[PDB]
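# Quick one, fold the following:
(3 chains, ligands or ions: 1)
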Amino acid sequence: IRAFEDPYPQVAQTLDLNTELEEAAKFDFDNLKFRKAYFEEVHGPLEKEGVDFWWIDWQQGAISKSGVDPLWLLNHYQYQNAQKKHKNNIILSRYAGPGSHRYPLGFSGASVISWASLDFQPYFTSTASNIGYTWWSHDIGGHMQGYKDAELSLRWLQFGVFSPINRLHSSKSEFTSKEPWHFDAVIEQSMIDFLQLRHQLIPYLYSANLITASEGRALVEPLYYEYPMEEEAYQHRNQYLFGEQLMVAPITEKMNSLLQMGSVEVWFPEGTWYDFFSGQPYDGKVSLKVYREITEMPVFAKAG
Amino acid sequence: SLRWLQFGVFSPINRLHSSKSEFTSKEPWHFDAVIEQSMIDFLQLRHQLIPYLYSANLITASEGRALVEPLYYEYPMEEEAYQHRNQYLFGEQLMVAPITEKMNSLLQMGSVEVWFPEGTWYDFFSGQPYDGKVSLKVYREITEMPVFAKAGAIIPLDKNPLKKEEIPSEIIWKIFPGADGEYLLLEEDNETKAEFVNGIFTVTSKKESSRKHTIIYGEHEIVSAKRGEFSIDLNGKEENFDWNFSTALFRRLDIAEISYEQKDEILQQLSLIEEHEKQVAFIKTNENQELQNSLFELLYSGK
Amino acid sequence: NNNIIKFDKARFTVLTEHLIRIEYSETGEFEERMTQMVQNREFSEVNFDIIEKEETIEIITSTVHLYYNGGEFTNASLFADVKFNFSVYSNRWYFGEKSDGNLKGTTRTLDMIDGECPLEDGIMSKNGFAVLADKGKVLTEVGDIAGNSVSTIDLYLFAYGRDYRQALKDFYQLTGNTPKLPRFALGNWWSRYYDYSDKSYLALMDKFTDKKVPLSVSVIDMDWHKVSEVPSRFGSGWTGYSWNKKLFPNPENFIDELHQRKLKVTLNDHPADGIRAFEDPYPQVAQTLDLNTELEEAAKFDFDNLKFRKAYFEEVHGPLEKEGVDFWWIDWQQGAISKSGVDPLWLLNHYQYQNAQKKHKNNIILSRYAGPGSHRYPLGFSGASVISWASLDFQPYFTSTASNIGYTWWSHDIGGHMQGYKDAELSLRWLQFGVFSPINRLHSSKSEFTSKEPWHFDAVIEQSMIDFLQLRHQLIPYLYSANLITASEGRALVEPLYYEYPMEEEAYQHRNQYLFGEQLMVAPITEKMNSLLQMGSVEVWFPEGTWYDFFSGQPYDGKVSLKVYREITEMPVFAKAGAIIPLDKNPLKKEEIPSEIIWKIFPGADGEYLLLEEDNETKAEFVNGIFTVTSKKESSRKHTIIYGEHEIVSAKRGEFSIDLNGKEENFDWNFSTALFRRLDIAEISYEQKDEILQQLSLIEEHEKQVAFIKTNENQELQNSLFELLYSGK
Ligand SMILES: OC[C@H]1O[C@H](O[C@@H]2[C@@H](O)[C@@H](O[C@@H]3[C@@H](O)[C@@H](O[C@@H]4[C@@H](O)[C@@H](O)O[C@H](CO)[C@H]4O)O[C@H](CO)[C@H]3O)O[C@H](CO)[C@H]2O)[C@H](O)[C@@H](O)[C@@H]1O
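Numbering: from 1, shown residues only, chains lettered A, B, ... in the order given. Here you go, the structure:
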């Protein structure tokens, strides 16, 4: 809190700063008095204007006098402070090491906009369950730099809708808005359809959320949680269970222009499986390349 | 399919036809929503053009003038009139340069090298201007076709192309500002002369009728559904089309499948650099050769 | 001092508003002695503010907040915020951590480097701060190593923002200014790793004269001493202090012959194997150092040892200096190990530079870079570069970046040292760069195939090399004046663009472009020519203003980035409207100072040039079209004036003024002639040449000439034609 800020006069009084030399209240989350002034005199007035929860966007390193990562101090203390004004409140912040699942939500940050970034992200998301960090929020469509491709934006939103959190976000570019109507009529209508589907899924998500909190079961599981002895459950990095009723195989590669379809190799466990959207059937157990138009996503449900 | 229909609409006859395949129907709704809407738009345009076509038809029959002329009919001594095989005059008021090559996926635009004869030319659809005489590569999205009219051009259009009626009950007179012009609409049982002289637009007909005339001067509808012969002064009215460099630049950068850092730098530098020659020097450094030519077309139109 | 603050076990010295010394001492004693790096901590008093509490201290200057929370220095206890917004969150220094933004400095050597190598940090940063750690030993008052500092941590925080020139000036105040070079250092040097005789070396020097190539320096490489004649029980012949008597039967007579030709003479010294029992000076050195001669005990290299240094200067170098050797080429490649912990290369450069001043005023060495402060011991010797386009393409960037740690007299082997590949065009481009570099020393490997003699190459390459070598001597007045400005004002001859244009992003995007003194901007071509154009190219950033090609007068309107094309015989060098460049009219004439100066004036603006010389200052002024020359001291010098194209005044003595308002401002350079020449040399179809010449001649409107070239199927030909159209706009 530097001397130009609206809350500086109050913070300066509380922390006994030299205002004629414009002494800054430097960030120091090791300091009880700094934390109190931060929550009460900096965040407090903004909460009084109606701010519901804090997006903690920390990128300035792991240095403190205590040896505790400032990101851990922010997530721990801010999550606790958020509970004062709202029940079951959240933050939005980067991962701060094992145990930091106690402070949801995860914020993965400034991904490069690319097919490569999208192709990593389902694997990234399901693997995080292996250290209990089950509420990653990715920038849907990628954050910054990289390249324009409306199909990449659409595939990324398909994944986002079947991810822990569906937060559209972008860079300071004039050219990277995630608004569906940024794109052509086909892409726009598909994005609107998927965004409506996310809200259709809120009952299923909210129920799975209470199961994470009460039973320690991740919403997103790697295949090998359910199928630990099947070698194919370790060979489909981007395939996952989404709650207990759905199995997702996102397409994360640009379509083959000769087919006008993208594809992913799906492992179908033993049993009868249906495409969630079309009812197309599949007899497990089999590994099978599946093809979808850019407007369609491979999501499967078992008989029953 | 879409590029072929664009050409067909500006050809002598627009007959959709196909093979015995289950897969080759020319129905617009065979294709995705973007292609379908563009095909419907072009098919409606063909019927808007029937007055112009029918008048040119009576000129073929009575005066021995082709509807479709090679450039060298009008420009026999210009070497460039022999070097643009697919470019043609379409009646006396329109010059067509169809795009007949698959789009550059980095630009999301197709292109054709256009020869602009001496004079001021406008895109028929957008009003984008071009100073002749010049040979210039022009870029269009798959939904847009390069068709041009000179300053002073007058093109009649059917206002009600869907309406079943033997002759149009309403004509739009579409006027390109910047010069005098004239158009004679020959019909089954009438002749209607539109004159544009020293900024005065006059419509007269051999025989009276209940036809309602609409006047579009550049951008703006001036007169709506006016009956009978009349004159109106357009010297006071706005000559300029809306088309502008900045809007067109933003649109070309936004659809391009290129790096966002390149989009950001081009938009910022072309906005900041004031001197036209230095805007051209900036685009000349671009690693993307075809992107240079697309940006050059916008700068040339904005000169 | 009021500019000194102690807190806990730390000491802070506010040297300038932008320069703070930071010390830690476990013993409560802080270091006042000079170090290898630091020669002076006397700075004028400055204002600053302190917030001192029980447990913390903050020092506040115009540009930095320095914080210390007490205890040992850690990234958490010692840190600083700059009062700048060059970055969004790279404005904080943490003790012992790296931040983004450093514009780099230099490195020891280009030995064995093919193209790029990593550089050390300098004191310049785009984000406005840099820390320079002083890890050196302390010196005595007379400049010998005294051992470990009592300041066990000793740092300099530079917080100059993008005032790079002031940062460098204050660096020179802290570390000592560069000494003045002698005028002879700025001429052409001849060098070759080749076993010349006295006879064949003098024949080559006389061939340079016959060929109209001026030289200032004769280098004699290691085959001057015994090599194959060294018995293998002694090790190699790499180190030597004994003339090969077959090649040099009368060394003093041979050096006398070079001195009669007005050449300065240096010998290669490989010091690392010291003075072994076969050497001519060994009996004297053995007596002085009490060596066991019956066991042939070597005087091993030990520059930590005062007695060894004295025997080295007095009994090894001394006899060779008495035969006429003018200065030493210290060629050290055998590592950084000594008992003291001081790099032997630093001990050699420091002590040899000091010793060279005994026999000649403003004398030099030639040696590799020995860390910050070693600019006190010019000249820099970059060493055994690989002969490649990649090496040449690195070297302008390397040279200008070195100014960021104050090391402004790099001498590169012109044309590359060793290995690599033959390409006469690479040799010619490398010489073009060399002529516009700090030092122009031709040198090469032990190959029969790597001589840098111009007449090694075909008639076209030979004539171009001779022309550039003559140009180097024409430039000696300009170089020597810039040399005195380095010594007195702390301004580098070669500056990165960002010294002059710190807020222009394009000044950071043209790595090989530089300012060369204050009147010239150089963009060397460092890529093989496009054979379709028969021309090489470089993207040039032209700052705001009207610029002229120094050679042709081709004009360019800044500000613009523009690809420029030159034949292999031509180099992109530019001067602004109003530029005044002095040239020696008689570069082949042996004379201590020029008897005639050409004043080359670029029209279109006012200008000024101060020619500093050994015993004079001459001011050329160009104000409202009046050109005036005055000097502190009268002389018989004859002045020639070239205003743009035309010689106005020929060989005029004394001070004078002349009005040039009536005279032709315009250069001859014209679009049509240049267009015809580029089309004529191009290896393209004749039908394309015919069409371009006809269409560009016929089409009148500039915008339509540009539209015509935009349709060309040859992308690089478009850019070449665009450069001509841009200059002709
Ligand atoms: O709250 C904003 C944003 O912050 C995080 O992500 C950042 C990301 O969006 C991006 O931002 C940069 C800015 O840092 C700023 O950078 C300039 C740079 O463009 C250039 O002009 O040079 C200067 C000087 O060196 C930089 O300082 O503005 C540009 C736009 O031109 C933005 O792209 O990059 C930084 C660094 O990687 C990110 O920290 C956060 O993760 C994100 O969610 C949030 O929206």
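
# What is the neighbour count of residue A:63?
Neighbourhood size, residue A:63 [other C-beta atoms under 10 Å in any protein chain shown]: 16. The way it works is simple: take the backbone N, C-alpha and C, and place the C-beta from them, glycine included.

# meant to ask about residue A:48, not that
Residue A:48, neighbours per other C-beta under 10 Å, totals 9.

# measure the closest residue to residue A:17 other than its chain neighbours to residue A:42 for me?
Excluding the flanking residues, the one nearest residue A:17 by C-beta to C-beta, 6 or more residues apart in numbering or on different chains is residue A:23, at 4.2 Å. According to C-beta to C-beta, to the nearest Å, residue A:23 and residue A:42 sit 16 Å apart.

# tell me the SS of the residue nearest to residue A:17?
Recorded secondary structure, residue A:23: coil (DSSP: H, G, I helix; E, B strand; the rest coil).

# what sits against it?
With contacts defined as C-beta atoms under 8 Å, 6 or more residues apart in numbering or on different chains, residue A:23 is in contact with A:3, A:12, A:17, C:51, C:58.

# part of a helix, is the first one?
No. Counting by three-state DSSP, residue A:3 is not found in a helix; it is coil.

# pretty sure it contacts residue A:25?
No. Applying C-beta atoms under 8 Å, one finds residue A:3 not in contact with residue A:25, separated by 9.3 Å.

# ok so, going back, relative to the ligand, which of the contacts of residue A:23 is nearest.
Checking the contacts of residue A:23 against the ligand with C-beta to the nearest ligand atom, the nearest one is residue A:3 at 22.4 Å.

# tell me the strands in the stretch 51-200 of chain A, going along the chain?
Remark: strands assigned in the stretch 51-200 of chain A by DSSP state E, counting those that start in this stretch are A:54-55, A:91-92, A:106-107, A:136-137, A:139-140, A:167-168.

# Please convert those to JSON lines, extending it with mean neighbour count.
What follows is the strands of the stretch 51-200 of chain A, written out as JSON lines (neighbours: other C-beta atoms under 10 Å in any protein chain shown):
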{"stretch": "strand A:54-55", "mean neighbour count": "16"}
{"stretch": "strand A:91-92", "mean neighbour count": "20"}
{"stretch": "strand A:106-107", "mean neighbour count": "24"}
{"stretch": "strand A:136-137", "mean neighbour count": "21"}
{"stretch": "strand A:139-140", "mean neighbour count": "25"}
{"stretch": "strand A:167-168", "mean neighbour count": "17"}
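
# Figure out which of the ones you listed is closest to chain B.
strand A:139-140 (13.5 Å; C-beta to the nearest C-beta).

# which bits of chain A sit near the ligand?
Applying C-beta under 6 Å from any ligand atom, we find that chain A lies next to the ligand at A:57, A:59, A:109, A:110, A:143, A:144, A:171, A:172.

# contacting residues for the fifth one?
Read it as residue A:143. Residues near residue A:143 by C-beta under 8 Å, 6+ apart: A:109, A:110, A:111, A:112, A:113, A:169, A:170, A:171.

# Excluding chain neighbours, what is closest to it?
Using C-beta to C-beta, 6+ apart, the nearest residue to residue A:143 is residue A:110, at 4.3 Å.

# Excluding chain neighbours, what is closest to residue A:241?
Using C-beta to C-beta, 6+ apart, the nearest residue to residue A:241 is residue A:221, at 4.3 Å.

# For the one you found, give me phi and psi.
phi -120, psi 140 (degrees, to the nearest 10).

# All the helices of the stretch 151-300 of chain A, residue numbers only.
A:185-200, A:202-215, A:223-226 (DSSP state H, counting those that start in this stretch).

# got the angle for the longest one vs helix B:33-48?
Angular relation of helix A:185-200 and helix B:33-48 on a 0 to 180 degree scale: 140 degrees, by axes from the mean of the first three to the mean of the last three C-alpha atoms, to 10 degrees.

# Could you list every helix and strand in contact with helix A:185-200?
Applying 3 or more C-beta pairs under 8 Å, 6 or more residues apart in numbering or on different chains; DSSP states H and E, one finds that helix A:185-200 makes contact with helix A:150-161, helix B:33-48.

# Would you mind measuring from the nearest residue to residue A:148 once chain neighbours are set aside to chain C?
Once flanking residues are discounted, residue A:148 sits nearest to residue B:257: 5.3 Å by C-beta to C-beta, 6+ apart. Residue B:257 sits 21 Å away from chain C, going by C-beta to the nearest C-beta, to the nearest Å.
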